[PDB]
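Presented below is the structure to which this report refers.
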RNA sequence: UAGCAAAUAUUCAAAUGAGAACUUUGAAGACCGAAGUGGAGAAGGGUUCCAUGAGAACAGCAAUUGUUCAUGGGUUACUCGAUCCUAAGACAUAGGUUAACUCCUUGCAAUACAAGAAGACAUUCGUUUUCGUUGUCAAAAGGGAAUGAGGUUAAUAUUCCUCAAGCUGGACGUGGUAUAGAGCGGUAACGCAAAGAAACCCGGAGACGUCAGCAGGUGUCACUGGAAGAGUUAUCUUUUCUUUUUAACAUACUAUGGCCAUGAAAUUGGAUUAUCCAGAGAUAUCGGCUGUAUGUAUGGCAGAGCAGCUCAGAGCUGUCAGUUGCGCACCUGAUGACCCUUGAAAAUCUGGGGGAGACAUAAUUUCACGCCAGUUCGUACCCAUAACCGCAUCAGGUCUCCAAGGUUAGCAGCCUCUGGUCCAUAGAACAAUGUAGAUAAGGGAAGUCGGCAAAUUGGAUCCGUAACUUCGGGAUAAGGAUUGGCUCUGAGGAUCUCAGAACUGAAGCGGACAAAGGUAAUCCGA
Ligand SMILES: [Mg+2]
Ligand SMILES: [Mg+2]
Ligand SMILES: [Mg+2]
Ligand SMILES: [Mg+2]
Ligand SMILES: [Mg+2]
Ligand SMILES: [Mg+2]
Ligand SMILES: [Mg+2]
Ligand SMILES: [Mg+2]
Ligand SMILES: [Mg+2]
Ligand SMILES: [Mg+2]
Ligand SMILES: [Mg+2]
Ligand SMILES: [Mg+2]
Ligand SMILES: [Mg+2]
Ligand SMILES: [Mg+2]
Ligand SMILES: [Mg+2]
Ligand SMILES: [Mg+2]
Ligand SMILES: [Mg+2]
Ligand SMILES: [Mg+2]
Ligand SMILES: [Mg+2]
Ligand SMILES: [Mg+2]
Ligand SMILES: [Mg+2]
Ligand SMILES: [Mg+2]
Ligand SMILES: [Mg+2]
Ligand SMILES: [Mg+2]
Ligand SMILES: [Mg+2]
Ligand SMILES: [Mg+2]
Ligand SMILES: [Mg+2]
Ligand SMILES: [Mg+2]
Ligand SMILES: [Mg+2]
Ligand SMILES: [Mg+2]
Ligand SMILES: [Mg+2]
Ligand SMILES: [Mg+2]
Ligand SMILES: [Mg+2]
Ligand SMILES: [Mg+2]
Ligand SMILES: [Mg+2]
Ligand SMILES: [Mg+2]
Ligand SMILES: [Mg+2]
Ligand SMILES: [Mg+2]
Ligand SMILES: [Mg+2]
Ligand SMILES: [Mg+2]
Ligand SMILES: [Mg+2]
Ligand SMILES: [Mg+2]
Ligand SMILES: [Mg+2]
Ligand SMILES: [Zn+2]
Ligand SMILES: [Zn+2]
């Protein structure tokens, strides 16, 4: 049984608010009610508890997430780039400290 | 000769008085221990909870007191990705990792930061909002200056010795989901000083507000009000340099550059 | 059909004000005041939240009335922790000191 | 209602005593004009102040 | 009110102002000790235990029958 | 004279009295119909409560009666509440401001700060030691040490009486645990009347949202055999109703979950109504441990209570054994869904980590049984169509708990049992006009600014269902049928629903009750 064509979870809003608005919302809502894979126990049990707060039922970990997601792309980006910059910091200082021997 | 709502917000006996019963603690940094200036102190995330007025989660952090047997609890701002039971490191030598707290001068250019300090030992000032981050632009050679790029996008020079959290404030994106119902707006504003709902100044009679004109509902006097406008005078867009929406001649932002 | 009467001068229905209907030897149906249920005892460690076994779930007062048994268990942290947490504690402490010594000899 | 201060109880008691009728033998004194007690009060028609 | 199954503890209790109350029911009999914070009942079915316990009534304790 | 007309209702005999439609008993007829006209509270009232008596006035008729008048009498608590705790809050102190009055700060405690607490010896001081920044008030629904059943008064009673319990603080007595350092058992969860201790640091309970369904228990309701009583008996009815009860508290067992072994799961399994879980060890073992009763048994306890039957205050008999419910109200247990909401605190009880001190005739110890105490204040009565507020005995207003049978989707309506009530001045006539209630042949808005008002429609089952659309909707669209009674038949389950057929009536049958009239356009405001 396929119960809705366009609407899905948005159907609760019935006919209110206008289409495009509850498109935007279909999107977000499906994000927040989705189960996420826990980094720690590797189960896809992680659900959102509060706005910024996610829990994994089985492994009992709570992580600071984004509002509607577990993972905020700009935050992942900041991790990726923090690391890369760590590499460069250390490589640089450590390398030219050998020049300090002169 | 009535008193607008504009004015009624500065009254402390008043109706507009924050609803504080839910507040867990101020979210600030560690005290400025010797340990933090010359070394690193480590603590645990006992939990990250939700404060009722806050978009950003709060982290509850256990620290061992340097001078006694007591165990110190403190509440920090959630850096996105921090886990309950994480080890958080604060101080001079603390290394760069999500949620650790260093001086900015030790943080590499281009890095993303939270809860920066305006004066050294703020226990935090800048970029506390959910999802907010500040951008690290440059360091002076001396080490005493750092250029930060604030969420608003204005650049600021801060003593490099100031405390910063590596990473981004948690719970970002909430601002993006449209609020459909009015009730939502209601509950939300229920935990903060009441701003809701907002009655347009024109709905009102000349007694309740400079705007409410009368028979037609218009402002009828220029709504750009000068910075020096007296208490009950200051109503429209204040001290505004521009008014309209810029459509069309947007190439001007570029050609003007 | 028998009907009841609050016996306390508190007519409002509050979690603390609950009543139960008892049938007496008289043939009366009498209100008797029922007490409140309490939350079971949980292990105190971080994020653990396990229901402790072998300790009584009792309203805080009656805790002074019970036998030492119900107040306790026989482990290293009998009252405060569950076994799993105890175990992991032991292990962690031992192994951590081992790494400590190793670092010590590698320094000397 | 049920719940009362001491103060209350005492005040009420007072007004309760003061609410008696002139004793039938006082009207026989030589120097008195008093046929009745003019200050009597009825709970239904007039109310006291206790708060 | 406590009741006792084994005659021994009962006898330790009435051996320990002491009076003993015995009462008859159709199928059973009961012996009853008064003590500060408890009323001790002892029930038996068969007449043997019965008479044996009636024997057991000491000079210190006076026997009341209802 | 206007007027005494809302809230369906009264009637008969006796008695009392000068006098009775209005008082008391009895006999009839009706009402509130467990969303009460019932049983109790909070606010508010303050003696309005109880008994006896009664001239006037008042109780808009009346009165032999009273919420009225007079006289006397009624409110017993270790376990109920206040008192304690903290909240939204608030106020001192300190500091500062003011001509001054006043005003500003203070729990995340200060715009303050040389402010405290404890111990021991001393036992005053003093001495001495230890640790230390500094107040209070605000909840008779929040938190909150422990009590019940039976009986009693004209009026009080979880208070008094009788019987049976628990709690906290005292202080020793008698037994018993433990130790020359400080219980014993099990692999393990864990177990067992008892099994040494200070500073110090951490805990648990207290301690918590809304909604949805599932499971269990209590109370209630229903039914079954037995016994006692009562109603019906021209006829019929092995009949119809009634009683058939078990308090806190003691001991032992069981109870929706979670753990511990042993062993590991792919032809993946397990499991709920729903989800959901597993190699981060599922399923499974004559396996084991543990947590919650408003459960069971016994004690309490039958000696009480209840129902019958005698005797002239005493006496006798029975109070027994079963079954079921998507029934109902409450409580509990395990879940699920929800939030740009995420749902107090403190006092209080208790546990852990630590082992500084103390001690041989000793020292210390959450075992039993015994001895002593529990102060102060509130406890009457109304809580409303007559004890409150509405100048009143006003058709208004005023926060809660308990809830029976029948019909039914139903806590609706209608009718009933328990309990309550007939109180609203009365009699007679029966015109106009009126207030409320209905029904009108033929026509069908011609009435009227206007379909105002009325009328039609209405449940459930089966058919059938457009344009338009934000694809959710529109939608009971529109529309078409059926519905009783009776006699049979089949299907769904454990160790009450659904469907068929036949017969029968003035073609009636959601028979009362309950219960939408449609359609097509235009304008606003989402
Ligand atoms: Mg569809
Ligand atoms: Mg103020
Ligand atoms: Mg937006
Ligand atoms: Mg003006
Ligand atoms: Mg006008
Ligand atoms: Mg306009
Ligand atoms: Mg306008
Ligand atoms: Mg009062
Ligand atoms: Mg009045
Ligand atoms: Mg008045
Ligand atoms: Mg006693
Ligand atoms: Mg009239
Ligand atoms: Mg009435
Ligand atoms: Mg009533
Ligand atoms: Mg009453
Ligand atoms: Mg406060
Ligand atoms: Mg204040
Ligand atoms: Mg109590
Ligand atoms: Mg008593
Ligand atoms: Mg004691
Ligand atoms: Mg919850
Ligand atoms: Mg029967
Ligand atoms: Mg089990
Ligand atoms: Mg008897
Ligand atoms: Mg049920
Ligand atoms: Mg209810
Ligand atoms: Mg929560
Ligand atoms: Mg210990
Ligand atoms: Mg009234
Ligand atoms: Mg008449
Ligand atoms: Mg006609
Ligand atoms: Mg026609
Ligand atoms: Mg016609
Ligand atoms: Mg109409
Ligand atoms: Mg449809
Ligand atoms: Mg139809
Ligand atoms: Mg339509
Ligand atoms: Mg038929
Ligand atoms: Mg058929
Ligand atoms: Mg027919
Ligand atoms: Mg019909
Ligand atoms: Mg119409
Ligand atoms: Mg509108
Ligand atoms: Zn996990
Ligand atoms: Zn644990």
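In whole Å, what are the extents of the protein assembly as shown along the principal axes defined by its C-alpha atoms, from largest to smallest?
Dimensions of the protein assembly as shown along the principal axes of its Cα atoms: 117, 100, 68 Å.
Fewest Cβ neighbours within 10 Å first, please rank B:132, C:85 accordingly. Intermediate results must be reported in sequence, preceding the final value.
Working: B:132 21, C:85 18.
The most exposed by this proxy come first: C:85, B:132.
In what sequence do C:30, E:20, C:38 fall when counting other Cβ within 10 Å, fewest first?
Placing the least packed residue first, the sequence is C:38, C:30, E:20.
Determine the calculated [θ] at 222 nm for chain E from helices alone, applying -39500 (n - 2.57) to every DSSP H run no shorter than 4 residues and normalising by the residue count; nearest 500 deg cm²/dmol.
Details: 2 runs with 18 residues, N = 66.
Taking each H run of at least 4 residues, the total per residue is -7500 deg cm²/dmol.
Report the dimensions of the stretch B:18-65 along its three principal axes from the alpha-carbon atoms, largest first, rounded to Å.
Computed over the Cα atoms, the extents are 39, 21, 17 Å.
Largest first and to the nearest Å, give the Cα extent of chain D along each principal axis.
The Cα atoms of chain D stretch 46, 22, 13 Å along their principal axes.
Rg/Rh for chain C to two decimals, with Rh computed the Kirkwood way over all alpha-carbon pairs. Don't skip to the end; give the middle numbers.
Values: Rg = 24.9 Å, Rh = 18.8 Å.
Using Cα coordinates only, the ratio equals 1.32.
Which residue, C:12, C:40, C:77, has the most motion in a Gaussian network model of chain C that connects Cα atoms within less than 10 Å?
Result for chain C, Cα springs under 10 Å: C:12 fluctuates most.
For chain B, evaluate the Debye formula with one uniform point scatterer on each Cα (no solvent term) and list log10 I(q)/I(0) at q = 0.17 Å⁻¹, rounded to two decimals.
Debye curve over Cα of chain B, log10 I(q)/I(0) at q = 0.17 Å⁻¹: -1.24.
Express in whole angstrom the spacing between the alpha-carbon centres of the stretch A:42-67 and the stretch D:16-51.
79 Å
Computed over the Cα atoms of the stretch A:19-102, what is the convex hull's projected area averaged over all directions, in nm²? Each step should come with its number before you reach the end.
On the way: hull surface 32.5 nm².
Quarter of the Cα hull surface area: 8.1 nm².
What does the average come to when, for each residue of peptide A:49-60, you count the partner chain Cβ atoms lying within 10 Å of its Cβ?
Details: counts 4, 5, 10, 18, 10, 4, 2, 0, 0, 0, 1, 7.
Going residue by residue through A:49-60 and averaging, the value is 5.
Counting only helical runs of four or more DSSP H residues, what would the 222 nm mean residue ellipticity of chain C come to if each run contributes -39,500 (n - 2.57) and the total is spread over all its residues?
-8500 deg cm²/dmol
Just to confirm my numbers, what's the Cα centroid distance between the stretch B:73-149 and chain E in Å?
82 Å
What's log10 of I(q)/I(0) for chain E at q = 0.12, 0.20, 0.22 Å⁻¹, Debye sum over Cα points only, no solvent?
-0.26, -0.76, -0.94
If you find the alpha carbon centre of the stretch A:10-32 and of the stretch C:79-95, how far apart are they in angstrom?
With the stretch A:10-32 and the stretch C:79-95 each reduced to a Cα centre, they are spaced 48 Å.
If each DSSP helix of 4+ residues adds -39,500 (n - 2.57) and the sum is divided by the residues in chain B, what number results at 222 nm, nearest 500 deg cm²/dmol? Could the numbers behind the result be given before it?
Details: 4 runs with 23 residues, N = 257.
Calculated at 222 nm, the ellipticity per residue is -2000 deg cm²/dmol.
Counting neighbours? That spans all protein chains shown, and the Cβs are built from the backbone with ideal geometry, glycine included. Read the figures in this text as sums done on the coordinates, not as results from a lab.
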